[PDB]
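Heads up, the thing below is written out as structure tokens.
Protein chains: 2
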Amino acid sequence: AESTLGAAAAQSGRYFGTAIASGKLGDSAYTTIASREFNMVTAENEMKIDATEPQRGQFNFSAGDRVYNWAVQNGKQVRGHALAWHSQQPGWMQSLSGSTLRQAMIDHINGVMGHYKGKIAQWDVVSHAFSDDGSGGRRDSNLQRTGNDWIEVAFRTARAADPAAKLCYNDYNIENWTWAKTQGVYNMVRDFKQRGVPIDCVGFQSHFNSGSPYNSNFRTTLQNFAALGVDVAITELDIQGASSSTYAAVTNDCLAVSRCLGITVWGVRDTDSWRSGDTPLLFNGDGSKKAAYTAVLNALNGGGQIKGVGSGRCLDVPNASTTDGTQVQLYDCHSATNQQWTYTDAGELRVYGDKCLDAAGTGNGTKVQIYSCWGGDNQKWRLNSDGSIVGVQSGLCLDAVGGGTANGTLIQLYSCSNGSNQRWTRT
Amino acid sequence: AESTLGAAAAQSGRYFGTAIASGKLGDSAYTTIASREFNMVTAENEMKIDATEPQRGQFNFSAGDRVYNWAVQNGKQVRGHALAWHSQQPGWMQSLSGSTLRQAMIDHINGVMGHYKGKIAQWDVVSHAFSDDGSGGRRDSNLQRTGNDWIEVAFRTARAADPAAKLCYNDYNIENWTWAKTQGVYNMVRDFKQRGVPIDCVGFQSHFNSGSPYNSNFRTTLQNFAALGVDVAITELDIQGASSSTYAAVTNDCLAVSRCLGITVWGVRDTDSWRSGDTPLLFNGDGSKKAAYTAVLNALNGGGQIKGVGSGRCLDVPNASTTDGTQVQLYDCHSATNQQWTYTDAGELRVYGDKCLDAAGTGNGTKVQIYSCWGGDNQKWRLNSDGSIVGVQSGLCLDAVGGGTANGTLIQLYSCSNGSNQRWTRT
Ligand SMILES: *[C@H]1OC[C@@H](O[C@@H]2OC[C@@H](O)[C@H](O)[C@H]2O)[C@H](O)[C@H]1O
Ligand SMILES: *[C@H]1OC[C@@H](O[C@@H]2OC[C@@H](O)[C@H](O)[C@H]2O)[C@H](O)[C@H]1O
Numbered sequence: 001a002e003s004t005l006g007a008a009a010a011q012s013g014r015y016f017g018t019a020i021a022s023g024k025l026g027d028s029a030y031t032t033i034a035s036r037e038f039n040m041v042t043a044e045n046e047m048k049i050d051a052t053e054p055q056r057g058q059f060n061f062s063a064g065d066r067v068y069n070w071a072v073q074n075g076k077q078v079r080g081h082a083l084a085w086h087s088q089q090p091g092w093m094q095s096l097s098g099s100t101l102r103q104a105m106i107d108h109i110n111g112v113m114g115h116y117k118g119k120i121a122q123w124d125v126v127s128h129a130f131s132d133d134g135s136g137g138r139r140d141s142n143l144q145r146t147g148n149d150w151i152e153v154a155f156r157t158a159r160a161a162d163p164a165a166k167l168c169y170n171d172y173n174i175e176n177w178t179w180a181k182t183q184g185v186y187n188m189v190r191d192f193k194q195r196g197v198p199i200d201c202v203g204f205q206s207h208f209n210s211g212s213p214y215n216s217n218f219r220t221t222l223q224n225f226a227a228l229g230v231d232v233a234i235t236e237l238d239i240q241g242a243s244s245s246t247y248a249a250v251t252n253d254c255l256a257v258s259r260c261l262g263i264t265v266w267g268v269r270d271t272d273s274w275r276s277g278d279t280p281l282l283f284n285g286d287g288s289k290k291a292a293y294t295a296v297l298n299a300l301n302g303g304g305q306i307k308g309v310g311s312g313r314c315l316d317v318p319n320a321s322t323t324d325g326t327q328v329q330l331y332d333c334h335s336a337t338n339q340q341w342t343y344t345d346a347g348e349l350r351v352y353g354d355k356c357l358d359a360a361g362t363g364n365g366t367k368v369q370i371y372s373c374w375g376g377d378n379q380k381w382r383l384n385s386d387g388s389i390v391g392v393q394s395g396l397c398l399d400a401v402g403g404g405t406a407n408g409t410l411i412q413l414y415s416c417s418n419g420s421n422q423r424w425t426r427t
Numbered sequence: 501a502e503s504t505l506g507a508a509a510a511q512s513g514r515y516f517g518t519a520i521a522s523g524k525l526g527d528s529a530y531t532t533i534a535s536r537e538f539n540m541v542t543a544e545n546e547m548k549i550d551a552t553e554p555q556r557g558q559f560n561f562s563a564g565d566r567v568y569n570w571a572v573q574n575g576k577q578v579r580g581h582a583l584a585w586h587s588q589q590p591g592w593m594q595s596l597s598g599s600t601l602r603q604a605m606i607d608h609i610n611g612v613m614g615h616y617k618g619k620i621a622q623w624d625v626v627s628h629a630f631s632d633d634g635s636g637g638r639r640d641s642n643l644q645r646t647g648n649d650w651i652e653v654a655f656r657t658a659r660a661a662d663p664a665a666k667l668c669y670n671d672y673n674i675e676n677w678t679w680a681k682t683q684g685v686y687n688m689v690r691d692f693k694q695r696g697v698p699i700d701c702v703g704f705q706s707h708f709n710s711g712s713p714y715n716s717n718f719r720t721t722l723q724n725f726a727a728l729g730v731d732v733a734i735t736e737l738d739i740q741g742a743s744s745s746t747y748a749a750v751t752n753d754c755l756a757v758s759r760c761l762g763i764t765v766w767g768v769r770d771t772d773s774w775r776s777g778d779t780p781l782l783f784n785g786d787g788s789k790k791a792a793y794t795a796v797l798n799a800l801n802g803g804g805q806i807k808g809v810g811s812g813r814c815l816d817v818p819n820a821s822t823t824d825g826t827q828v829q830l831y832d833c834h835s836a837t838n839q840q841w842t843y844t845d846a847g848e849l850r851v852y853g854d855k856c857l858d859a860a861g862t863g864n865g866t867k868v869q870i871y872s873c874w875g876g877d878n879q880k881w882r883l884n885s886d887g888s889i890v891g892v893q894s895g896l897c898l899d900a901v902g903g904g905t906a907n908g909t910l911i912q913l914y915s916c917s918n919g920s921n922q923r924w925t926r927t
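Protein chains in written order, with the entry's author numbering: chain A, 1 to 427; chain B, 501 to 927.
Here it is as structure tokens:
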């Protein structure tokens, strides 16, 4: 299969997952998308320390089990997150220190993994243990204060608790190979593999934004870790603005690494994101597939003028007008700026540099025209492999009215039918 | 004098107003912006029929006076809206028809205008009375069903109630001259003037979006009505996406017509808008001035490479790199693509076509770099006449670190100081 992300990833033995929030499982729109598109699930918060052990020695898996059960019942594997780290610790653990904390860490690992023994594909045993100060050293936390060997102990503890799960070390800002933090983690994992410390995978948060941009060397980082004899996984992927090229680039980086088990995006819809202001996911708040969704799907499946297949004519702006509201048409192809369209990272089809292919509404018969670019979803489009061009907001296809093929035939939105008047070739 | 919208508009004897919502007056950010920028106020809902006459014969001005008092206390004039129309009628009026409704309409006009007698600059006596069906005729409402002369009667009643107020007929979709609706309204106003019916102005909602685009013939529309002997006013202006060129065009249309009294935008911040999803106003949710704000201010005030004054060097992307996160610098100006910036309608400074001048943060010293364009406010800039370039999200100026002038000098964000290292020209 290749119409959904998970199924597309499965073609190469990989998975495409998401972070599930138990509180959203009652949202039909949410579950419809999540059950259909992903085959791997990570509990967004339900399996963390405070959620699973609210009081010292008192475990609770009500929320964790609901996420786990929803996942397995809907055909998805699960990544456990997270067993031992400085963040979101319950009040009682935050106050602990020394051997007492070290013992509480061990007890927590045994309790949680024991509850889910043999049912978890991957466990983020330790996460966010390194600093961002630029030294490439450990983060100063109550756990780190118990001794530099706490991470190694956590992993040894984890292996014994559940030998069937892949044990991962997860962190962020370790994607760019030139960063000190990336090197610090690399050296630790290398040391671990050399000394025989039980670690099977390294998780890369992959939280990209202009403050910590994606860089092509992320593939090199993944390959360098894979060379150490550990699998790698993109664990919390989200990209500020959801650039189509960047999402495709990250997807292809995993596909280029044999040991990359799969990719998980941190959330379903932008409105479900912990960073919603950055609209960093693959689905909009209304549940519509974004331009980035198609870019990712295309990559997973192994994937100028815009000419209509049925007419042989090009998408044209009448008389090279730059007036907002000018409906586009079909016209004999020729070298002119009013027939030169540029597909942007945001999913727009631009002309003249700052004018956007624009849908004047959302239903069948909607006029498609040029309008000043401003970021509306009615100005975003998905370029499908079959040649159809679908409006993000409407979910409708660019359509040459009535199947017309002569010069002057107007363009509208219309239910996709795979008709020749809805298929386009880019040159 | 020329630093705020109202003051700039006053330089041509006009006003620049907004719609005020009484329920938002407790918001310090809201009132700070509103009090500072506008010299005309329209109550968004507080002076409508249901808000001023909750029961037949029982008037209530608690809501209206809160808006009125705030306006006068802050030096603004007031546009009354709206006395007789089909929308937002209280239940008791919705139940009326024929002569009973006709008298209730007259009583309402007398009651409300009497309360505000002599304190209102303009009153939208009747609003939204024409149909959008293309016939150019009247909208079917209980008022229209009382007789075609209801509008005339409303105006005659209003003149007698308060001879000091300018009486306006307000409507939408009457901006494009070619529309039947526009001409139907024109015919009515012409008839009124010819027969001596008291009408002093025509208000144009000016609600523009790709579904009902702004058209340059709007200036001829304004001119046509002005020639009838009535003033004109842009009453509820908002533009989808807040296109800078469109906002400037509309502003210039009013500035070109001597009888255009002024412009009112329908709201303060995008988040306050009745159509917030179209981010159609001049201020963002966090209260920052958008690129469109500067476009309007510039227009009211009379109306490639980016060289730094003093250094004489141009904004340059190091080694013509296209890598996200590359900090920009100053460098000898030369015909190169890694220079050549394009200011878009959305307020971006683009390079390479799809890369955006990007601020990785909001404080002083913030790195200014290139990043994929996605619409973030940290990618929007305002080009001031003094030569400064201010980041919309940060409110800080593009700054050449340490006042450096040699090649390699990095660009950052920094509190505006009018220094030569924060002044740019184009070129
Ligand atoms: C990676 O970063 C995202 C983390 O998830 C968030 O943690 C804080 C919660 O408030 C938020 O809802 C979560 O999405 C995740 O645990 C890290 O590993
Ligand atoms: C012009 O259009 C906007 C109208 O104002 C809105 O009316 C409906 C309310 O729910 C909304 O809050 C208002 O902004 C105005 O009255 C018309 O003249």
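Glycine included, each C-beta is placed from N, C-alpha and C at the ideal position.
Other residues of its chain near residue i: CB distance less than 6 Å, five sequence neighbours each side excluded
{"i": "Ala295 (chain A)", "result": "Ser244, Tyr247, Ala248"}
{"i": "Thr427 (chain A)", "result": "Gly304, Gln305"}
{"i": "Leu800 (chain B)", "result": "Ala508, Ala509"}
{"i": "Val625 (chain B)", "result": "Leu583, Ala654, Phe655, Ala658, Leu667"}
{"i": "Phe718 (chain B)", "result": "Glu675, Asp753"}
{"i": "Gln144 (chain A)", "result": "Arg138"}
{"i": "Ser522 (chain B)", "result": "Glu546, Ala563, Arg566, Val567"}
C-beta contact flag for residue i and residue j at 7 Å
{"i": "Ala8 (chain A)", "j": "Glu2 (chain A)", "result": "yes"}
{"i": "residue 438 (chain A)", "j": "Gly91 (chain A)", "result": "Only positions 1 to 427 of chain A appear in the structure, and residue 438 (chain A) is not among them; the question remains open."}
{"i": "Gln77 (chain A)", "j": "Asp50 (chain A)", "result": "no"}
{"i": "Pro54 (chain A)", "j": "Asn45 (chain A)", "result": "no"}
{"i": "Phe783 (chain B)", "j": "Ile533 (chain B)", "result": "yes"}
{"i": "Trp924 (chain B)", "j": "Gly887 (chain B)", "result": "yes"}
{"i": "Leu913 (chain B)", "j": "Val901 (chain B)", "result": "no"}
{"i": "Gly847 (chain B)", "j": "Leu830 (chain B)", "result": "no"}
{"i": "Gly762 (chain B)", "j": "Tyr515 (chain B)", "result": "yes"}
{"i": "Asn539 (chain B)", "j": "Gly580 (chain B)", "result": "no"}
{"i": "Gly903 (chain B)", "j": "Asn921 (chain B)", "result": "yes"}
Cutoff 8 Å; reference residue i; Cβ partners in own chain excluding five residues on either side
{"i": "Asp162 (chain A)", "result": "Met113, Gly114, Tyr116, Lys117, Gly118, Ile120, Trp123"}
{"i": "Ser210 (chain A)", "result": "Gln240"}
{"i": "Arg659 (chain B)", "result": "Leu667, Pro698"}
{"i": "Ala571 (chain B)", "result": "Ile520, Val541, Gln577, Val578"}
{"i": "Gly376 (chain A)", "result": "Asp358, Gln393"}
Residues near residue i in its chain [Cβ-Cβ closer than 7 Å; skip 5 each side]
{"i": "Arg36 (chain A)", "result": "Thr4"}
{"i": "residue 476 (chain A)", "result": "Past the edges of chain A, shown from 1 to 427, lies residue 476 (chain A), and the structure says nothing about it."}
{"i": "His707 (chain B)", "result": "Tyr672, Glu736, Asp738"}
{"i": "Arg690 (chain B)", "result": "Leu728"}
{"i": "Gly598 (chain B)", "result": "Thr646"}
{"i": "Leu96 (chain A)", "result": "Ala104, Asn142"}
{"i": "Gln369 (chain A)", "result": "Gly325, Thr326, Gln327, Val328, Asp358, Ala360"}
Nearest-angstrom Cβ-Cβ length linking residue i and residue j, presumed shorter than 8 Å
{"i": "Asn676 (chain B)", "j": "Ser627 (chain B)", "result": "Not quite, the Cβ-Cβ distance comes to about 19 Å (not below 8 Å), so this is no contact."}
{"i": "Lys855 (chain B)", "j": "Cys873 (chain B)", "result": "7 Å"}
{"i": "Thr682 (chain B)", "j": "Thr721 (chain B)", "result": "6 Å"}
{"i": "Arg759 (chain B)", "j": "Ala726 (chain B)", "result": "4 Å"}
Segments of 3+ residues assigned as beta strand (DSSP E) that fall wholly inside the segment 297-380 of chain A: 306-308, 314-316, 329-331, 349-351, 355-359, 368-372
Whole runs of the beta strand (DSSP E) within the segment 567-627 of chain B, excluding any shorter than 3 residues: 577-584, 622-627
Whole alpha helix (DSSP H) elements within the segment 754-783 of chain B, 4-residue minimum: none
Continuous alpha helix (DSSP H) assignments of at least 4 residues falling wholly in the segment 670-751 of chain B: 680-695, 718-726
Segments assigned alpha helix (DSSP H), at least 4 residues, entirely inside the segment 517-561 of chain B: 528-537, 549-552
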